[PDB]
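One chain comes next, on its own, written out as structure tokens in the form deposited in one PDB entry.
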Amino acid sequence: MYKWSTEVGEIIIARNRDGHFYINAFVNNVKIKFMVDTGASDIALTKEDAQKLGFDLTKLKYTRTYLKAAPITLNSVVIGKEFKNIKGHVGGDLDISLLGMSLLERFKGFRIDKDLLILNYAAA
């Protein structure tokens, strides 16, 4: 008699009137507010949010570019379920961090249509 089970889930975000989707995540167990960016793939953290996560700004290698930026790795990111070792980077103006496609395509299910962003996931 074989028996198994898991937690399954769905998250829907509706598009704000400025036309973007906003979403909360826990990153290394800190609450971070993200705006979704369809053109990015990588997570773009603000400096402020980098500090909140226990990173040092004077001691970072701002090597790569997208606009100049410091690649980084995030132990865990939770949105529905926990993801691990998530590619990111930290760069200048912007007030809010940005979530790209890479993280979102890691979901079991992920579609945008109409004004809805719909994520499906499974845990254990």
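In case it trips you up, residue 1 is the first one in the sequence shown, and so on. Rigid core: the largest C-alpha set superposing within 1.5 Å between the two forms.
A chain break between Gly91 and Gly92 is present, corresponding to 1 to 3 residues of the deposited sequence without coordinates.
When 68-76 is weighed against 27-35, 68-76 comes out higher, by mean CA B-factor as recorded in the entry.
Across the two stretches, 58-66 and 45-53, the PDB entry reports the greater mean Cα temperature factor for 58-66.
Ranking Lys108, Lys114, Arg111, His20 by Cα temperature factor from the entry places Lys114 first.
Residue-level temperature factors show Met1 in the highest third of its chain, judged at the C-alpha atom.
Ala122: CA B factor lies in the highest third for its chain, per the PDB record.
Heads up, the form deposited in another entry isn't pictured, but that's what we're talking about next.
If you fit the rigid core between this form and the one not shown, you'll see the Cα of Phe110 move by 2 angstroms or more.
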